[PDB]
Amino acid sequence: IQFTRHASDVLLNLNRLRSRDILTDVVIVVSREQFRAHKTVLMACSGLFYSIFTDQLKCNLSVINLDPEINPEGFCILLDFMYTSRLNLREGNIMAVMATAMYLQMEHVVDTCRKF
Amino acid sequence: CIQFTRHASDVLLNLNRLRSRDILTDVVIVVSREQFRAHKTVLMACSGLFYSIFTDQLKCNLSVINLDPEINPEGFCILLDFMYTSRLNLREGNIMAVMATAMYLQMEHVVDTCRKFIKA
Amino acid sequence: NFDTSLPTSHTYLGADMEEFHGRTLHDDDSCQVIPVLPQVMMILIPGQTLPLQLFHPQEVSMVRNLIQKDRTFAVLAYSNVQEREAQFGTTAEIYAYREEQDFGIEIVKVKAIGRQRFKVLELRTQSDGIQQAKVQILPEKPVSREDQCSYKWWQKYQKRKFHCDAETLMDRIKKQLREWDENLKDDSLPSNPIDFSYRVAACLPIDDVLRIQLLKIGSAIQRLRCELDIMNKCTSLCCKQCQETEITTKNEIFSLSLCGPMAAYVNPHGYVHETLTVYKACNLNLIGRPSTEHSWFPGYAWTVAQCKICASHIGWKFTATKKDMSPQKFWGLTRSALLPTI
Ligand SMILES: CN(c1ncc(Cl)c(Nc2ccc3c(c2)n(CCC(C)(C)O)c(=O)n3C)n1)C1CCN(c2ccc3c([C@H]4CCC(=O)NC4=O)nn(C)c3c2)CC1
Ligand SMILES: [Zn+2]
């Protein structure tokens, strides 16, 4: 047996946890702005985060600072896409979103951006 | 806006991959004198019982959780696998035990599926 | 002790809701095209409040466009769900609105109120999944309630008026409604026969076939007669999935909000329940521990209650938390999951 909506609903429940800031064990600092979340979810969506949190020394870090010049709006939108599988691209940010996805090693998102 | 109908399954697959290697797992559940290690966040996303347990400021700090001893361990394992893989392994030889365990765990849609299959 | 106006506010949705002061009535016996929402499985009666929380893209877009243009939509009284065919419906009007963005999620909270009844000629589905229906609009005592003063006074009234009825039927219905609620105050029930009949029809805990049969009636006196009969024949409520189990009796129900014994509430997932409040339930089993988030009755903690010999979901517990509250224990039950018996 397989559940058509189990994955989407589990993702929504994780997003509910994030919005309520429950058991969130890490905070990412991009452009001097903070975004709190869980390490497991981040490493499940990004090669960069997978590398960082599979590193036995860096996985203990509850605070992580990325490249400071990564656009904050792009990182926020990509985090929301991680937590809802939905990406709302727009004319005025697609380049920044693509650059941030490249930095995060999210190949499918970068490739999708290449098309638009 | 656009949608990635496989991204959620990919995330679940990565989480199951981490579980299979016991990476960042932070809780162990004891069912029928048998231990199963997992992440609290996933458990509370799939079970109301674990949601209540880990939303309780006193009990969330617990790293070891013991359930009702008479709950089927095989059903618990199958339900954990369903949590981590969107796949439920029902058979005539366990369906009732799985439904009972799901009711104990307060997993609505799982018990709904059990009822749907039992009705047929 | 509990305030009886609080539940009607539906505070759990959100205290800040953009609100609109307005009303629009279509000329009777006119022909107009109205949009209807993708799935609304309830026979909405004029004057009855309806809360919704919508999620779908097309739903949010169409309701947004609605509130921009005309602020009303249609609710079809489906004779049966699977066939999707119906011949009457009710226009609902938006009177409270709010749009909520939650970390990429989008939802819309809304509260509406029924206005007019109508007959549907035919309905056509446009490309974007919205259904547009062509539709023709259907046309429409002593200050003290002391016993003896009402007795001789009503005899005198009957003698004088018919020396050669609306008030009498309304009075008897009000007597029954008061039997349900001692605290009931007359000024709350409208004096206009039409509004009173609609309010009573909404309060009645009856199945949908009777609901539509009562909605089709075009005269206030006929509605009052039919309601009188139904009220004075209803015996008790039974689990829909057992066909015979006493969950509640006629005398156990007690109004707890101005709307009446029964009202409409909404779930965190957008599904709508019609809840009926009673201070005594039987053959119900509790699962879990008390919770209070998104509670329908502020100050009370709900616990799911399942038909214990049926394993089907029926209602809730609602135990008060503070120990100065009069109803330290009552129950809510879902009308959709139980049927009248006789
Ligand atoms: C915030 N929050 C949350 N946040 C984060 C997480 Cl992680 C999380 N997890 C979770 C928990 C428990 C699950 C579960 C997932 N799943 C999904 C499992 C899977 C595999 C499909 O994902 C499943 O089945 N259970 C049991 N739940 C929940 C809070 C409670 N809340 C709720 C509140 C009120 C009512 C009412 C009535 C009652 C009477 C009244 O007066 N008011 C009402 O509205 N009815 N209902 C239905 C209510 C539901 C639901 C959301
Ligand atoms: Zn039953």
# chains A, B, ... in the order shown; residues from 1 in each chain; ligands from 1
>>> residues_around(residues="residue C:197", least_positions_apart="5", cutoff="8 Å", atoms="only C-alpha atoms", output="CSV table (one decimal) with N, CA and C atoms, in the first residue's frame")
chain,number,residue,atom,x,y,z
C,220,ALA,N,-44.5,31.3,5.1
C,220,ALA,CA,-44.0,31.2,6.5
C,220,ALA,C,-44.9,30.3,7.3
C,223,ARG,N,-44.0,26.7,6.8
C,223,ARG,CA,-42.8,26.4,7.5
C,223,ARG,C,-43.1,26.2,9.0
C,224,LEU,N,-43.9,27.1,9.6
C,224,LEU,CA,-44.1,27.0,11.0
C,224,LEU,C,-44.9,25.7,11.3
>>> residues_near_ligand(ligand="ligand 2", cutoff="12 Å", atoms="only C-alpha atoms and all ligand atoms", output="count of residues only")
29
>>> atom_distance(atom1="atom 15 (C, counted along the ligand's line) of ligand 1", atom2="atom CA of residue A:29")
29.3 Å
>>> residues_near_ligand(ligand="ligand 1", cutoff="6 Å", atoms="only C-alpha atoms and all ligand atoms", output="VMD selection string")
(chain A and resid 6 9 to 10 13 to 14 16 to 17) or (chain B and resid 44 to 48 51 106 to 109) or (chain C and resid 267 to 268 293 to 296 302)
>>> residues_around(residues="residue C:318", least_positions_apart="2", cutoff="8 Å", atoms="only C-alpha atoms", output="list in words")
residues 297, 300, 301, 302, 303, 316, 320, 329, 330, 331 and 332 of chain C
>>> residues_around(residues="residue C:129", least_positions_apart="6", cutoff="12 Å", atoms="only C-alpha atoms", output="MDAnalysis selection string")
chainID C and resid 35:39 56:59 61:62
>>> select_by_dssp(residues="stretch 29-78 of chain B", states="helix (DSSP H, G or I)", output="PyMOL selection string")
chain B and resi 40-46+48-55+73-78
>>> interface_residues(of="chain C", to="chain B", cutoff="9 Å", atoms="only C-alpha atoms", output="ChimeraX atom specification")
/C:287-289
>>> write_last_selection(atoms="C-alpha atoms", output="PDB file, in the first residue's frame")
ATOM      1  CA  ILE C 287      -9.546   8.806  23.014  1.00  0.00           C
ATOM      2  CA  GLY C 288      -6.541  10.862  24.046  1.00  0.00           C
ATOM      3  CA  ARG C 289      -6.118  13.649  26.573  1.00  0.00           C
TER       4      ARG C 289
END
>>> residues_around(residues="residue A:103", least_positions_apart="5", cutoff="9 Å", atoms="only C-alpha atoms", output="VMD selection string")
chain A and resid 48 67 70 98
>>> closest_atom_pairs(of="chain C", to="chain A", cutoff="10 Å", atoms="only C-alpha atoms", output="CSV")
residue,atom,partner,partner_atom,distance
C:102,CA,A:19,CA,7.4
C:103,CA,A:80,CA,6.3
C:104,CA,A:80,CA,5.6
C:105,CA,A:84,CA,7.6
>>> write_last_selection(atoms="N, CA and C atoms", output="PDB file, in the first residue's frame")
ATOM      1  N   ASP C 102       1.373  31.785   5.589  1.00  0.00           N
ATOM      2  CA  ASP C 102       2.085  31.116   6.678  1.00  0.00           C
ATOM      3  C   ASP C 102       3.304  30.409   6.094  1.00  0.00           C
ATOM      4  N   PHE C 103       4.414  31.135   6.003  1.00  0.00           N
ATOM      5  CA  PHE C 103       5.677  30.587   5.518  1.00  0.00           C
ATOM      6  C   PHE C 103       5.477  29.846   4.199  1.00  0.00           C
ATOM      7  N   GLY C 104       4.992  30.580   3.201  1.00  0.00           N
ATOM      8  CA  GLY C 104       4.748  30.033   1.889  1.00  0.00           C
ATOM      9  C   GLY C 104       3.361  29.463   1.692  1.00  0.00           C
ATOM     10  N   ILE C 105       2.701  29.031   2.766  1.00  0.00           N
ATOM     11  CA  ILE C 105       1.334  28.549   2.655  1.00  0.00           C
ATOM     12  C   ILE C 105       0.402  29.734   2.446  1.00  0.00           C
TER      13      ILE C 105
END
>>> closest_residue(among="C:155, C:219, C:68, C:275", to="residue C:168", atoms="only C-alpha atoms")
C:155
>>> interface_residues(of="chain B", to="chain A", cutoff="6 Å", atoms="only C-alpha atoms", output="JSON, numbers by chain")
{"B": [1, 2, 3, 4, 7, 8, 9, 11, 14, 45, 86, 87, 88]}
>>> decode(residues="stretch 62-80 of chain B", atoms="N, CA and C atoms", output="PDB file, in the first residue's frame")
ATOM      1  N   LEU B  62      13.078  13.832  26.907  1.00  0.00           N
ATOM      2  CA  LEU B  62      13.359  12.412  27.052  1.00  0.00           C
ATOM      3  C   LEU B  62      13.972  11.852  25.775  1.00  0.00           C
ATOM      4  N   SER B  63      15.054  11.089  25.929  1.00  0.00           N
ATOM      5  CA  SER B  63      15.676  10.388  24.815  1.00  0.00           C
ATOM      6  C   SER B  63      15.187   8.953  24.674  1.00  0.00           C
ATOM      7  N   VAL B  64      14.554   8.401  25.706  1.00  0.00           N
ATOM      8  CA  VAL B  64      14.008   7.050  25.681  1.00  0.00           C
ATOM      9  C   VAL B  64      12.525   7.139  25.999  1.00  0.00           C
ATOM     10  N   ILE B  65      11.699   6.497  25.176  1.00  0.00           N
ATOM     11  CA  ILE B  65      10.251   6.521  25.349  1.00  0.00           C
ATOM     12  C   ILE B  65       9.740   5.089  25.302  1.00  0.00           C
ATOM     13  N   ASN B  66       9.005   4.689  26.336  1.00  0.00           N
ATOM     14  CA  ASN B  66       8.414   3.360  26.399  1.00  0.00           C
ATOM     15  C   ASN B  66       6.909   3.455  26.190  1.00  0.00           C
ATOM     16  N   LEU B  67       6.394   2.674  25.243  1.00  0.00           N
ATOM     17  CA  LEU B  67       4.974   2.661  24.937  1.00  0.00           C
ATOM     18  C   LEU B  67       4.270   1.594  25.772  1.00  0.00           C
ATOM     19  N   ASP B  68       3.012   1.340  25.440  1.00  0.00           N
ATOM     20  CA  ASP B  68       2.279   0.237  26.032  1.00  0.00           C
ATOM     21  C   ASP B  68       2.971  -1.080  25.677  1.00  0.00           C
ATOM     22  N   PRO B  69       3.381  -1.885  26.666  1.00  0.00           N
ATOM     23  CA  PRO B  69       4.175  -3.086  26.344  1.00  0.00           C
ATOM     24  C   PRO B  69       3.461  -4.080  25.446  1.00  0.00           C
ATOM     25  N   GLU B  70       2.130  -4.106  25.444  1.00  0.00           N
ATOM     26  CA  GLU B  70       1.378  -5.115  24.713  1.00  0.00           C
ATOM     27  C   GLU B  70       1.056  -4.696  23.286  1.00  0.00           C
ATOM     28  N   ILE B  71       1.609  -3.583  22.823  1.00  0.00           N
ATOM     29  CA  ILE B  71       1.444  -3.171  21.436  1.00  0.00           C
ATOM     30  C   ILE B  71       2.336  -4.034  20.556  1.00  0.00           C
ATOM     31  N   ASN B  72       1.837  -4.381  19.382  1.00  0.00           N
ATOM     32  CA  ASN B  72       2.565  -5.264  18.481  1.00  0.00           C
ATOM     33  C   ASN B  72       3.863  -4.604  18.031  1.00  0.00           C
ATOM     34  N   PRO B  73       5.031  -5.218  18.259  1.00  0.00           N
ATOM     35  CA  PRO B  73       6.269  -4.594  17.761  1.00  0.00           C
ATOM     36  C   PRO B  73       6.375  -4.610  16.250  1.00  0.00           C
ATOM     37  N   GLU B  74       5.930  -5.689  15.604  1.00  0.00           N
ATOM     38  CA  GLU B  74       5.985  -5.754  14.148  1.00  0.00           C
ATOM     39  C   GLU B  74       5.124  -4.665  13.523  1.00  0.00           C
ATOM     40  N   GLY B  75       3.930  -4.444  14.074  1.00  0.00           N
ATOM     41  CA  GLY B  75       3.102  -3.347  13.605  1.00  0.00           C
ATOM     42  C   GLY B  75       3.767  -1.999  13.806  1.00  0.00           C
ATOM     43  N   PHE B  76       4.422  -1.813  14.954  1.00  0.00           N
ATOM     44  CA  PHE B  76       5.132  -0.563  15.205  1.00  0.00           C
ATOM     45  C   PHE B  76       6.238  -0.345  14.183  1.00  0.00           C
ATOM     46  N   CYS B  77       6.999  -1.395  13.876  1.00  0.00           N
ATOM     47  CA  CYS B  77       8.067  -1.278  12.892  1.00  0.00           C
ATOM     48  C   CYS B  77       7.504  -0.944  11.517  1.00  0.00           C
ATOM     49  N   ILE B  78       6.418  -1.615  11.129  1.00  0.00           N
ATOM     50  CA  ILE B  78       5.825  -1.357   9.820  1.00  0.00           C
ATOM     51  C   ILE B  78       5.302   0.070   9.750  1.00  0.00           C
ATOM     52  N   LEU B  79       4.724   0.562  10.847  1.00  0.00           N
ATOM     53  CA  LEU B  79       4.222   1.931  10.860  1.00  0.00           C
ATOM     54  C   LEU B  79       5.363   2.940  10.807  1.00  0.00           C
ATOM     55  N   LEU B  80       6.473   2.653  11.487  1.00  0.00           N
ATOM     56  CA  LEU B  80       7.644   3.518  11.383  1.00  0.00           C
ATOM     57  C   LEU B  80       8.149   3.573   9.948  1.00  0.00           C
TER      58      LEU B  80
END
